[PDB]
Structure formats: structure tokens, C-alpha cells
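Below is one structure, written out as C-alpha cells; the observations come after it.
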Amino acid sequence: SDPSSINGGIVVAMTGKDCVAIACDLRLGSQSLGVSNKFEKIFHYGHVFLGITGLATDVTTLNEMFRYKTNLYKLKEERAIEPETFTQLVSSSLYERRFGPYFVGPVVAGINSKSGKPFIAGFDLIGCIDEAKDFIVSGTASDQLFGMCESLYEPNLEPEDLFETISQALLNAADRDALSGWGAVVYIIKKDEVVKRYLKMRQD
Amino acid sequence: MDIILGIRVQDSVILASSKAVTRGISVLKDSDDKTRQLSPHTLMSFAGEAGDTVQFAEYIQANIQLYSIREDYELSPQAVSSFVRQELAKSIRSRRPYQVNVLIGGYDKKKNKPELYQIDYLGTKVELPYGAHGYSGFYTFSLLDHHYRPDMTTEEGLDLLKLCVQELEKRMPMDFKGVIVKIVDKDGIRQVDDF
Amino acid sequence: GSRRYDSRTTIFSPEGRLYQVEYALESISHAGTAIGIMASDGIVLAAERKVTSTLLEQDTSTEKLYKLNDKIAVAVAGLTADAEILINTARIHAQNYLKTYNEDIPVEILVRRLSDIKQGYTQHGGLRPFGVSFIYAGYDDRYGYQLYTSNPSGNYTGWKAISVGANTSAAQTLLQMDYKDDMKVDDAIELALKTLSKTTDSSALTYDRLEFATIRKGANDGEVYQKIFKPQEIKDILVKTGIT
Amino acid sequence: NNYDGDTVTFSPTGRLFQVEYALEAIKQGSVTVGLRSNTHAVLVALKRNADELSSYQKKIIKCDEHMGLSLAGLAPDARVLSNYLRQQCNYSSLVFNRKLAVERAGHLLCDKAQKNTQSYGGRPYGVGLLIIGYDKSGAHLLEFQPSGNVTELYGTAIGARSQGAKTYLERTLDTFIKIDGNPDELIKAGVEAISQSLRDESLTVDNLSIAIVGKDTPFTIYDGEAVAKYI
Amino acid sequence: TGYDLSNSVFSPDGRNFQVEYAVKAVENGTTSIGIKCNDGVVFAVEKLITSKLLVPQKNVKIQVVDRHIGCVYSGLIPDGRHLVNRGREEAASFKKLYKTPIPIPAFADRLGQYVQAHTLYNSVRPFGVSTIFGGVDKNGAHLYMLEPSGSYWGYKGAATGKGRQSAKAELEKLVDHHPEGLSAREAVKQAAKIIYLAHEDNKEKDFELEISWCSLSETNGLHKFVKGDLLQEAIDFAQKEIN
Amino acid sequence: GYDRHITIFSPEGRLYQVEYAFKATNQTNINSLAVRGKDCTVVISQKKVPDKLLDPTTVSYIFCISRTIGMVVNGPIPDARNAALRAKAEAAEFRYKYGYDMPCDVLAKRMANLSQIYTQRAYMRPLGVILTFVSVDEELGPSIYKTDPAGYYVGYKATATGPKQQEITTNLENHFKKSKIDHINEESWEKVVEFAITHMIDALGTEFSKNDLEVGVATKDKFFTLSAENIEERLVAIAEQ
Amino acid sequence: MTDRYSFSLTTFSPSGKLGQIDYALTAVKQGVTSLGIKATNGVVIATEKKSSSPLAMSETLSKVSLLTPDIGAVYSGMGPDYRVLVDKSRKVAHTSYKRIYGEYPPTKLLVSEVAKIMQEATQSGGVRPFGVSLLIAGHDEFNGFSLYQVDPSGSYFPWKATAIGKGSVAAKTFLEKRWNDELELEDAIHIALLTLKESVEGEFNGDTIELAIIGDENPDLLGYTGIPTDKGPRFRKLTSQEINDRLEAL
Amino acid sequence: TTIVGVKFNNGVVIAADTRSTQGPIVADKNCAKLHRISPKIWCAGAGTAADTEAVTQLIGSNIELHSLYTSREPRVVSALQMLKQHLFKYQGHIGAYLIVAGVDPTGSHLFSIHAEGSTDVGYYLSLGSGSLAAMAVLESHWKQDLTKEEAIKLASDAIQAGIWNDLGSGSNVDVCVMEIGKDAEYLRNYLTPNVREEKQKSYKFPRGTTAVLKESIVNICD
Amino acid sequence: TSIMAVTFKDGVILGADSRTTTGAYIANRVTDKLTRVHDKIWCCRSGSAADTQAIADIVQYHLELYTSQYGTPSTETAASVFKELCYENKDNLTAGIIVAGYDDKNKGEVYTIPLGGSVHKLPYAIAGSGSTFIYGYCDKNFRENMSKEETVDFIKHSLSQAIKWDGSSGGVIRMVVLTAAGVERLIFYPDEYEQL
Ligand SMILES: [Cl-]
Ligand SMILES: [Mg+2]
Ligand SMILES: [Mg+2]
Ligand SMILES: [Mg+2]
Ligand SMILES: [Mg+2]
Ligand SMILES: [Mg+2]
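So the protein sequences, as listed, match chains I, J, B, E, F, G, A, H and N. Using the entry's author numbering, the first residue of the first sequence is number 1, and each one after it goes up by one. Using the entry's author numbering, the first residue of the second sequence is number 1, and each one after it goes up by one. Using the entry's author numbering, the first residue of the third sequence is number 1, and each one after it goes up by one. Using the entry's author numbering, the first residue of the fourth sequence is number 3, and each one after it goes up by one. Using the entry's author numbering, the first residue of the fifth sequence is number 2, and each one after it goes up by one. Using the entry's author numbering, the first residue of the sixth sequence is number 2, and each one after it goes up by one. Using the entry's author numbering, the first residue of the seventh sequence is number 1, and each one after it goes up by one. Using the entry's author numbering, the first residue of the eighth sequence is number 1, and each one after it goes up by one. Using the entry's author numbering, the first residue of the ninth sequence is number 1, and each one after it goes up by one.
Right under this line is the structure:
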């Protein structure tokens, strides 16, 4: 009965040369019982990508909530929300539930369409923004992801190289966690093309 | 309460739900129907806390029926499942949360496809080829992982379901007094009387 | 007490009419004309801006045509400030439905709720009604393309072609004359512009006094696109039909 | 005229017409009399019917074992005000184990009536009350007017033609004030008092209503054959 | 016009006619006075004996607030009681928070603000009373008079009601003839005289005199009613002066 | 014509209730005046005690709002005291909330905002008062800020209010045309008080005894009112020159 | 007690007019002239400082107000109504935007919020409409420079250039002759001063004229250094001296 | 966290480390613990990370509105009062431990606030898990009449004590100098004494190393 | 904390140490526990720093608003406002406050308000964790109508001992003198008071 580790799951984001990558596993379980191997944890609103780990009901709820909020944003602003602005919206929304929080570990990833700059950020369950040049990690195998990323990562990787690095970071981290894995998805994001790849990984 | 199962095959969704209602050291009833018809092509089974289960089921039933009358239209299984999820997701942070787990089996008439949704009391929704709530999953999931194929007929699905009930009747500690089986397809909802 | 100064906005006349609703409709009849025409492959929204000044910024302007969601838009006739209050409510309502059911809101459901809000201001609360009439243009997978209108009373109706605001009587007669069911979007565009051109209180219809929008399935395969016309695009479509 | 639309408006001469119109409802009411000695206090009331098929509207209400009143005007308003008095008497008993002084009872009614004369939306009470009681300072008689004005008296009368009884009691003052330790005589004086307000009608058995409270007498009401003694 | 039909409405003069109309209700009421003295204040009021049937001494009009303040008023009697009830609430909350009994100027503003508040809205009626009140606090004696508008000042002597002008003239003589000060016992006697002299303006019905006082030496700074020997002595002094 | 009874617009875009509240301002028939020195801000007002039965010490239209802020009112005393109590409460709350003494101009703005609300909201009448706030602000120095029933407020080099305000205003204007400066170039507040009384005497054309005047003085860290003898001392100094 | 006015004070007349809004616009007509001109690299808003008395210090009364670091406002009509609107406008830029998105609202949306506030004074119980028209000039990254007019009804319109108040009819005509889409900010300031002189009667200097611009970022007005992305306010109030410098080459 | 504040001749300087932890794990190696409330009032914050940022932003927002309302530059005591009353109201549940400093028309100021709403005044202060390492340095080297450059040295030395000796603190030193009459200068990463050494190996994988099941283009356009 | 207030011939003096504690760590060694709620009404604070500050701030606000309307409040009045806050919020407060002020009518007065929110008017009062160690000493050495110098010495010697034994107490001894002459602040450093 620890809300952040009932369902399991992980998300990781990385920056490269004029690109960003965000990846997640596919598992949804109930403690020991694996229930679904199709549960994707990455969503997008325009060109801004959001990954969410933690309690799956809150993952779903927050996706629906940020779709709601970004849709109204776009109608009033007459433009797509940028990663820096969306990051602030996520922080505000989470801190609004300061003493009754969503049990989640969200991760923002995307490229600012005006400046062309790659942007990633992470949050705790109550809204603290964690900005990084290199990588953000989240989920029940966050320790493992920290260890994988801190050693494997190098700056200014090309999209095709960055794919290999982030995939190997996720896969090997997931295999040391009982609650993570059961499939994986990687998003490679360039200024105006996004490629989504499903990874072959061990299914135990 | 206790055992609720669901299998989605080629053309239908089949729900099996245990018939026992046990309180203390007494089985009070052995013919309990743990299901409600939400709309002509949508059926919901439920298990969990006593009282909470039927109260929630009938509350959802009333709302979907209200919608049907207002719009002269049947909500899609996906739409109904999302409504139900949100109600449970609200509930979990209430003063007293509904402790009810549900399966929603529906036939989308616009898509001509069967659909099965598993939603727990927290509001955790997943679409599945086969689903279970409670301890049932610990036996049936692995069994179905082995024997299930996505192109099975309703008859093949029923045989696959017989295999699950047999396993549960062999290895489960409690006597759940068999199951009531219901099929959801293009022609609506019907009950198999001889199971 | 304060009884002395109460207009009693929500009462019946001896004839069984709602004073304030009738007077709000009288207000709307002076607002710039807006036309909606529903074709088999899309919907046209056309509206005339209220007497423009040459120093008005025309491109970054919105007065008549508003987007409610990706599938629904509205043409406004009446007080703009009143309309924006209602538009924001409608926008939120659409998102509530999407959040609840994970499906885009059916057009009529949105129209009914907005119309129900208007109705409330005529039956209780002692407040003046919203001096606004809407033309709703939208698409959903149940009824396809739909045109609706609502007015201060909170009454709404569906249309093949309809006008609101000024000169609706003359505009409706002209639409009734040239409209037919197998009509296409590009034909409807022409009818909309031709009707405004004949009913206008201005000397001649120009690009700077118009707002224009289409809702087509003219995207790529089985999906709907909203096109709020830019100034230059209205200038071109006005030349293409030979009005200027 | 232009200043009688509500209670919240003063007239140019400083009058409150709604309060005066409420006072008028009392004048249309059936006559009731109040008088006291040093040992007892007595209410006498002429009851009014709708016709010969109807009952006679009850005028006297008990508030506590030691207190009660008679009414003239809007009867529902008397029910509201008597109910309030019942609660105030009751609060005093439960909280302080104390019988509510008849004087405080007057002050409480005054302040309740007053609030209805200074706010928008409300209306003045349309009833006059004669409160009798026996407390720690002996027998008492109060006159309540819905203007808020409460007055302690040896004797009085309110309602239609109350001026006859009020004049009589003013003459009889020295006599009836010294009817101590004799209930039936104090009532006789009150019954003779109310008789000065009768026209074409006389006191019958289902017409007369008498109440009494005193030193060794709880507030009790007499109707029907129990008042035949006094006709 | 119509400016006088609603409270809180300014006329083109800048006047609130509804308050001025409430003043007319005060002018219609019986006479009441206040005399400030060496170490205290004295209050007196005219009680019209409408009928023989009124119990003497038993329709008390002067009211105490806290234990050190006395209040008397002319006009709508119920309105005066409402004001005193508020005064008692104000005084109680002051003593609750600050421990010390409410000073007279402090108490004066509490009533003033409350009465002024009833000239701000059309949903309430102004008070139909002018209230004379005062007592003894840490800074000595204070006498005040408060009017329907909310206006109040400190007074050497104060008078209101039907015989206010008669009483005012009599008060001014005392102020002129006693620059050093009037004693408490003297002021009680003078109060009786002035009420009797002010009764000439209401002489159809004969009346009942009611006096009270607060004095640092005579009543120990507390409000007390004048009764018995001291009252009859004051009545006799007044009776001798009218003849 | 109910547009003249409540604060809604007339056809010509006017608010008659606000205009009539301005006329209530002069109902007391008292004139006030404020000037600034180098170190101080002096405010003076006429004191008319017509009734011999009044306690003259309790008749005042100058109020000590806070230790640093003083306020003189032109208008009926009930509304005057209403404004004073609110101003006191507002200044006290400001100090508690924000940790420093409420500036004279900020209090003026706040009271002006409250006054504005009564011009827009129907159930509340305007107060028939003009409030002149004075202090020696720790940032802005000697300050005079004035509020009216319209909700208007502005700072002043000097100001006057009342029935004969225009005479005093031009008198002050003509002095500042001559002196070429924004204030009274004087060291002591005593002489700035003397200046204020002198120029009020010239403008009104009347002589004053010690009981015909009321004086408030604001210096750094305190605002205080003068006694009759303080004013008498000041009147003697003017006469002997 | 309590606000018993829970009903609308602005209602439709038989002819369809909303009386109180019309009358509010009449109040704006009586108000002193203010104007706004949009250049390619900035926006200028200007107005006359009508002094109530020569003893009054007109510097203490600001008609042109900063709303955000990149948005400014000026008005015509009733000053007190404007003052409280500025208070409310400044707050709503924070509560309904900055506290949510961590950045200041774009001009159109802040304008939209002010318009909402003014619309509600047209429909809510027991209130009259605001007796002001606003001109709001501002800049934001994705829309560039813009200029808006907000009327008592709550309606708002984007303008290349416009005037409101006393001599607005003549001033608008003057601006139509002079405005082109190639105006540089300094050219717009020059035209603003020319247009204002027509409506001003008495003294015409930097002490009787109030003028502010929305232009380049002002790092010197930021108050701190060290954050590269924070570059300073684009709103700047021209000083009394800066106005007089431009009145010589007029 | 380690955070400090030091007063000097003509103003005040505050500094902080840049480590953010979740249990024994370093979540952020370069987070910003120096917060701008107003241009010349800055806050150093230890405790719950989201709390220090939120309470600093809220009061900063309200301070801006107040400054605009009063036509005055904001005072440190106002930020101090608003922060303490907010924190007191929440009885310590908002875990913000702040060092509030800045210059205003009244002068230069240095305060600290504890999560429960207590405030104190000093010439030198330190908060956070590394405050004992920092305070040890401050108590050893502080003196009256420090210069600007002496105060920066003392402040950053006190932060370094925390970086090296406290496991809660690490990475870099941020500084903000608020001097009377001048603009506040925020010195982000003033010291960076913890640069990661060159790795022994590149772990760049041969392309094709990762097994893939599916590929697809994602539509981000409308 | 060790705090005290003592009445004497010319008025009253308040005294306090300067130690604020969080466990055995001294969070502040130069704390000012003597707090102004009015010109010549001050208090000594003990218990929770946050609680006593919040209370003192509210009281200062109340007395400022009192003064604006009714002039200078009595010391008794100030104590009553402290009491009202401490009594009504007893479940949520850890505050032991000594209130001390100078009237010209009443001269020096001391009121102590313990945890429960009761009020006790005394010739002198001691409070805080360190007070326990000086009950014996203070009772034996206090005399009524002492001189200024005698009262300063009495407080200095008393707090010196309280500081010596109580670990929670220490730093400097601050004092505030309240007389007709005005308000005087005194400070005494370890090197003086430790060797008494
Ligand atoms: Cl305000
Ligand atoms: Mg695994
Ligand atoms: Mg496994
Ligand atoms: Mg009003
Ligand atoms: Mg606590
Ligand atoms: Mg020690």
C-alpha cells in the first residue's frame, strides 16, 4: 500500500543534438500480478510530450486533465503550448493538490518551436520542477535509470545514436526492477518529425 | 462477491460472474447475479465491498439510462467505460470511497467490434482481450495467456471459459457456487442458462 | 427598500411574451448579419463586421466568428462581450464532455446546454438576458454536418441555411430561393457572399468588412478541418465569385 | 399615502403607517379585558364566531404555569408571539431554574416586535396582547402593542369598544385592586368590566372566556359550562 | 422629487430627508434631559400618565448599560431599547477583550457608528430616538446626546423631546450661574425642576418624574436610580419653584 | 427619475447622488486648510461651537488615524467618524500585514477606492465627506492627500476645503507664485502653523480667538493636535508682528 | 440590511438599447482625450493631464499605468473607475495567468480579462457599468506589438491607431492621414504629440502631457542582473524632460 | 541543503549550494535555491523543494501587486511578514526554511524564517542540513564591518563547508549580492568545484544494437 | 528560555537570555525575547518562537488599533488581550508570556500568563525552562520598592544562575527598563555575568 509502487512503470527522457527522446515501459500491474502489457505512459499535446509514472489512475486522470487544459490554452492563445510553459502548468496543477497529491512522477519533453532548443524537465508528486541539460528519470526503477543514464549518456548525440543510448538505459534498468518492463516505447523527436519505436525486451 | 471474469473473442464479449453471496460462515445465496445492463449492448459485472457494489452498479445504470433517454442514442462502450472510470477516480478521494471493481463488456455497433474494459476501485482502466478481478486473475491470466487466440468464436470462448471455471473450482479455497455467464454481441445481451 | 428600482426582467407581458427577450431580439436585429449554409460536404459561415473604420486592425481581429473546439464554431450577432461569456462556457463544457467520455461532444448537446443557460436568465435571478444570437456550425459522427441557431430566449433550432442579426427577413427569402439539397461547399460559399452583398446596408461588400469560415471534410481522409479565412483569402474568394 | 408601502419608511411628520395599520387590526378585534389585585390577575375575553355553525375563536393562551395572555387582532401572530414567550419562559426554567419575570416577558416581546418595524421585507405583528402573571414580585398585568410598546397596568382593555371597559376599570380602580384572596370577586369585576363593551350581544356560555393566575393558583382557562357561574 | 421616499438617498441639497423625518418622531416624544456635574451625570425624564390604571413607578424608562452608564431617550421607545441592547452588546465585548469597563467616549462612538449605519442603506429605517447618555470613567464624568443621523457631541447639559427648548433655556442658566460646577445632589434637584418646567409643553396629562445618576462620591461611580426620600425631596424642590 | 436616487448613470453620463454628496460636504459650514513645511505638514480647520451647552473639547473634525497620519474632514460628523474608524482599522491592518506604517498616500488611495465602490454599487450610499490626509512620509516627506465622494484623490502642495475654499485656494496659489517653491520655507512647525492661520485670516477676512480654530500638525514619527493654549500662544505670536 | 439589489440595473429598453451602457459611453465622451498609435517596433499611448487645481501635484495622479512589464493602459472617462480597474487588471494578470503559467499574459488575453470584468458590471446585480473606455498597449513574444480599446459594454477591438474621449472624432481623422504601416516608434511619438496638441487648450508641455511607450526591453529598468532570459520591461513612461526635448523639433 | 546570508558595508549577500535529494539519491545536481521575490529582495530556501518555490512565488506575486498598488519599492520586512504569517497559518506543514535578504528605501536587511513561522535577525545566518558546517565557518571568520568582496568570500566558504561535509549538500555555489544604490547581481554557479572527470570509455553503441518490433511516424500536426 | 520581569520604585524592568534552541543546537545565540507591543508595554517571550511571535504581532496590532480610538491602553488591558489569545487557543499554543508595562497612575505592573492562558498579577515574575533553577534565589532576594541599580543587579544575578544551570538558556542578558523617563535597553555579556 505505497501508492507510487502499486502499478509499477518507468519513464526516461534525454536530450541530443537538435533532438529529444522520451521512453517508457508498457507494464501495468497490481503489485505482483501483471495485468496489462499495453499501458503506455507517454502522451502529447501538440508537440509537447508528457510521460507520467506512478499510480495508474492518476496517470490517466492527469493526461485527461492536461489535454483539457492545453485544449483551452490553444483556443484562447491561438497557438500550441511550448514545453517551458507546459512545465509551469504541470507544476501549478500538482501544487494545487499540495496536501492531497496525485501520486505521480511526470516528465516533460519537447522542442521549443520558436527557439529550436531541446527541453526536458521532471517533477516530484507535488510540483517541484527539476530541469536538466542531459536526462530526467522517473518510476519504480529510477535508481537503475539514474545509474544507466549517468554512465551511458554523452552530450550532443545524433537522433539515431540517442535512440540506442536511451533504449539501452531503459531496457537494462527495467530488467533490474520487478514492477517495470513488459514492453517499451521510445519517442525520437526532431524539430518537425517524431518517430515512435516499440522495443523487443524480455517479458518476465 | 469475489469472482468476475471476462473474455473478448472475435465477435463477442463473454462475462462470467460467481453466484455466491457469503457473509461470515454462511453462504446466504447461491444464485446471485453480479451484473447490470447499462445499455442494450453494454454489460457491467462487479465485485467488492458489500452494499457498495450494487449501489454503485445501479447508480451507473441509472446515469447511462438517463443519457440514453436524453439523446435517444446509445453511448459507445469506450464512452461508458470512461464515464465509469471517472466516477471511481472521483470516489477514491472522497470521505468514503466506493470499494468496487468492475468489468465492462460491450459491443460497439459503430465499429462492429467487441470491447472489454477492466476498471478497479482506484479508477484504473485498461482495455483487454481477457480480464479478471481479485484472486481469480492469479489462475486465469496464465491459463488464458496459453489457450487464448484473438480469432476465437463465441463457442470457443465458452469452452475457454469452462477451462477457467474448472481451474478455479480445483484450486480456489472458497466455494463460489458456479458462475452466471452472459454474452455481449451485435444482437445485444443474453444469458447462458446451462453452465 | 430596493423594490422601487427593480425592472423585473423575468416576467410575462399580458400577451404572454417575455419583455426582455423581445427587446434583446430587437437589439440583435441591428447587429451585423451572419449567415450559415450547410452543404453535403461541409458548412459555410459568413458574417458582416459592424461599420468598420480604416484604422481598424483587420487581421488580428475577431468579432463574429469564434472556435468552440476543433469540430464546432459559432457566428455571433449581438453584444460581443455577452457572447464571449457564453463562448468560454461552451468551450469549457466541450472539454468537460471530452474529459468524461473520451469523445468529442456531439453538436446538439453543446447547443442545448448553452441554450439552457440562456433560458435560465429568462426565468430566474432577476438579471438581464444575454443579448446574443448564435449560429452553430459543427460536425460529429452521428448527424454529420449541422447548423443550429439559438437566441436570448434559449430556444434553438436546426437549419439547412439560416441568417441572424440584421435583414434576416430579406436574407432568408434569398437563401430559400437559391438553396438546394445536393449543394456543394463552393456553391454555398458563393450563395453566402451573394446574399450578404444584396442584404448589406453598406455601399459595397469588401474584404475588410467580412469574416468567413468553412468546416469541411476537405482534410485528408475521414477527418474535419476548420478554416477561419485570413483577410487576403477573403479578398481572393470575393474576386473568384466576381463581387469585386 | 406615499409613505405606507412598507415599515422601513417614515412619513414627513415622523409616523410609521404600516405600524399604525397593524394597530388598526387590533381595533377590529373582539374585546378582551385584563385586571389585577395584589394576589391575583384576571383576563376576560369576548370570543367571536364566523356564524352560528362555527366555533368561537379562542382568545386566551397559556405561556407557563405562572404566565399567559389574551389576544386581539391577527390570531396567527398571537400564536407566533405566544410560542416565543413559551420558549423564553422555558429557557429561563431549564437554564436558570428561574420563573421568567412578567416584566422581562414584556421587554422580550417589545424587542421582538421592534425588529419587524426597522427592516425591509418584514411586516409589523398585527395583534395586541394582554399578559397576566404571578412572579416573585406578586401579580402583574401588561399590555403589548405591536408598535413594540409594552405597558404595566392595574387594569386595561383592547379591541373593539374597549374604551367602555377601560373607563369602567378607571372608575373601579380603588375597589378591584383590594380584592385580595378572593378569585370569584376579581373575575366578577372583570366580567362587569367587559360588559361595558357589549352592543346588541350579551355574555353567553360559549361566548365568554376567563383566565386567572395568582398566589396559589396556576394559570388556568375557563370555557363552556365553567363560566356559567359568572353570567 | 421622491427623494424623501427612501433612506440613504441624498436630496439635491445634500440632505437625507428620512433622517429628518425620524427627527420629527423624536420631537413628538416626551421630554428627557441630562445634567453634567462636579464628579458625574444626572438623567431625568417625563413619563406621561395616560391613565389612572398605569402602575406608578413600574414603567421604568431610564436604562443602565454595563454598571456605570445610564441611557435615556425621547421618541419611539422600542427604537431606544434596540439601541441600548446594542450598547450592552458593545460594552460587553469591550470589557471581554480589554478587561476595563468601556469609557464613555468609546461607548458614545459605538452607538454613533451603529446609528450612522442605519442611514447608509434603503433596507433599514433610521432610529426614531435622540438618546441622552453618559457616566463616569477613569477620566471623570461625560454626558452625551445622540441623534437619528448618528451625530453626537459631549454636553454640559442636554435636552430632547417636546419640551426641549424650555429645558435648554433652563440648562443654559445653570451653566452661566455655576462656572465652577454643580454638585451631584444639586443637579438631581435641578433636574426635577427642569422636567417640571418642561412639562408646561405637555400639560394636558399630568406626569411621573423619574431620575437617575452616576457620581464618583455619591454613587461610587455606578449608575443608580433616585428613589424614596431623595426623590420626594427633589419633587418638593421642583413643586416650590413652579409656584 | 430614479436615476437621481441611486448611483446609476443619467442620460448625460452623470451620477447625481455623488454630486449631491459633494453638497453635503459643506453642510457644516466649516473651512479647512493644509500646508507643508520643510519638516512638517500643518492642517488647520475652523471650530464653530454655537451651543453654549456643548462640551467644546468634544467638538472636533480632526482625527489621529495612526501615530504618523492625521485626517481632517469636511462634512457631517456621523459620516466623518464613519470614515475615521475605517481609516484607523485600515491603517492598523496594513501595519500588521505588511510590517511597516501605512503611507498617507496609500491610505488615501484605499479610502478613495472604498468611496469609488459606493459610486458603483447601488445598496451603499456615498459618504458626504471630503477627507484630507496629512503626514510626514518616511519616503515622500511632507504629504497632503485628499479624497472626495467621487472616489477621486490626488497629492497637494497645499489645499483648502469648505464653502469659502476658492478664496483660500487662490490666496495660497498667489503665495506660491511669489515664493517660487512647493512648500513653506520654515524650520519650525510653530511658524508653519502661524503661516497657515495668517493666510486663512487674509483669505476669509475674519479674526480668530483661540476657540475659533483647530490645528493638527504632522512631524516625523508623530501627528498631534494642538490645545487651545497652544493655538493662543500661536495667535499671540502673529499679533506681535 | 445586506445588498438587496440582486437584480440587474442595466436592462434592455423597447428599442433594444442598453441605457446604462449608452450613458456610460456618454461619460467617456465628456472625458479628456487619450490616444494610442502602433508603430512597427513599438506602441505609444498618450493623454492630457487635466489638473484639478494648480495647487494639486499632477505627478501624484498617473493616468497612464503599467499593468505588466510589457503592457500599459490609459483611459478616457471617470478616473476613479479607471483606478480600481487597474488594480483589478494587475491582480488578474497574476491570479488567472502568471500564477499558472509562470509568465505574463499576452496583451489580447489580459485585455480579454479586463473586458470580462467590465461585462459583468453590465449584467450582475446592483451595479452600474464602468464609466471608462480603456486603451491598452502591449507586447508579447508570439503576437508582437498590439493596441486594444475596451468599452463600457466589455467589447474590445484591435487598432492600428485610435483616440477616445473629448476630441476623438477629429483626432481619429488626423491619425488616418498620418498613419502608415512603416511608422517607426519615434515617428509614432511625433504624431501622438501633434494629434494631442489639437485637443489640448492650455499649457502643452511635459508636465501637462502624460505619455508612455511599449518598445525595446529596458535592462537598466529591471533592477537586477544575472538571468540572461530576463531582459527588462518594454513598458516605459517618458519623463517630463523627454517630452520637452521632442516638443522643440515639433 | 546548505544556505547562508551575510551582511556587509553597503548591503547583504546570500548564497546556496545546488544539490536536490530524494532520500540518498541526488535528484538535481544543479538546482536553483536562490529565489527572486522582487528585483532587490532575494530568498535562499531549504526544506521541501516545491514548498520553498511555491511560497516564494506566491509572496513574490503579492509583493509585486503591493509595489504597484503603493507606487513604492517593496520592503524586506513586508516579504518577511507575509511569508511568516502564511507559514504560521499552515503550522509547519509547508516545509519552507528561508533566508530572506535585500535592500529597500529603509536600508539593507537579513532575516531567516522557520517553517512554523518564527523569524530572526542577524548579520550572518545559515539554514538547512549543512547549516552546522556553514555556521562553524561563519562563527570562525565573521567580523563586524565586512567589505563586499570579504562577505562574498565568507558566504561562499560557508557554503563550501556544507558542500564538502554535508551529504545533503553538493555541487555548486550560487551567490546573490544586494548592495544599496545598485542593481542586485545574481551570480549563478559562482563556483563550480565539482566538475565530473572525463569518463574512461565512450558507451556509444553500434547502430542496430537494440532489437525493434515496430516502427511508425507520429503525427504532431493538426 | 529564562525570562523575568520585576517591578521597582520608578517602574519595571524586563529581562531575558538570548538563546533559541532546536534540540541541543543553538539556532540563534543573540535572540531578542523582549518585545514591544506598545511604547511602554513590553513582553518577555518563552515557549515556541513561532507561537509567541505570532501572538505578540496580533497583540501589537490590537493595541495600535486601541490607541487610535481610545488612547494609551493600560498594562492590564494588554495582558487581557494576550490572555484572550492564549486561553481561547490553548490547544494549539506553546507560549509562556510575561507582560510588563509602565503607567503614570499605576506605575510598574507585571502580569504572567502560563500555558493554560490564566492571568496572574505579581510584584515580579519568572518563566521559561531556566526559571525552575532560580525560584529559591528570587524568592529569597526580591524586595519591593528596589532602586533601578538594585533591580538591574537582581535580574542580572538571577538570570546568570538560570543560564548557568539551564542548557536551553545562554548568550547575552538583555534588559528593558520602563520608567517615566522613557525606555532604556541594557545588554550584559558572558564575561561580566558568568563570574558573578
Ligand atoms: Cl483597495
Ligand atoms: Mg522486469
Ligand atoms: Mg515476472
Ligand atoms: Mg450607491
Ligand atoms: Mg503550533
Ligand atoms: Mg547555559
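All residues carry an ideal CB built from backbone N, CA and C; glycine is no exception.
Neighbourhood of residue i by C-beta, 7 Å cutoff - its chain only, sequence neighbours within 5 removed
{"i": "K169/F", "result": "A160"}
{"i": "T26/G", "result": "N75, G76, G129, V130, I131"}
{"i": "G30/F", "result": "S75, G76, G162, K163"}
Where residue i sits in the DSSP three-state scheme
{"i": "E73/H", "result": "coil"}
{"i": "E103/B", "result": "coil"}
{"i": "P190/N", "result": "helix"}
{"i": "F142/A", "result": "coil"}
{"i": "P78/E", "result": "helix"}
{"i": "residue 214/I", "result": "Residue numbering for chain I in the displayed model covers 1 to 204; residue 214/I lies beyond these limits and cannot be assessed."}
Residue i: CB within 7 Å of a non-hydrogen atom of ligand 6
{"i": "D166/N", "result": "yes"}
{"i": "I163/N", "result": "yes"}
{"i": "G170/N", "result": "yes"}
Proximal residues of chain F, C-beta to C-beta of residue i below 9 Å
{"i": "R83/A", "result": "Those within 9 Å of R83/A in chain F number zero; the least Cβ separation is about 23 Å."}
Other residues of its chain near residue i: CB distance less than 8 Å, five sequence neighbours each side excluded
{"i": "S12/F", "result": "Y4, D5, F18"}
Residue i beta carbon near ligand 2 (any heavy atom closer than 7 Å)
{"i": "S180/I", "result": "yes"}
{"i": "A174/I", "result": "yes"}
Partners in chain B for residue i, counting only beta-carbon separations shorter than 8 Å
{"i": "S8/A", "result": "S7, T9, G126, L127, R128"}
Residues that residue i contacts on chain A, provided the C-beta gap is smaller than 8 Å
{"i": "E185/H", "result": "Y224, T225, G226"}
Chain-ordered chain G contacts of residue i [CB-CB under 7 Å]
{"i": "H141/H", "result": "The contacting residues do not exist; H141/H stays about 31 Å from chain G at best."}
{"i": "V42/F", "result": "Near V42/F there are no residues of chain G at all, since even the closest Cβ is about 12 Å away, more than 7 Å."}
Any non-hydrogen atom of ligand 4 closer than 7 Å to residue i Cβ
{"i": "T10/A", "result": "no"}
Beta-carbon neighbours of residue i, restricted to chain H and to distances below 8 Å
{"i": "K91/A", "result": "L65"}
For this session: Ignoring anything shorter than 4 residues or poking outside the stretch 187–244 of chain F, list the alpha helix (DSSP H) runs there in chain order.
Result: 229–243
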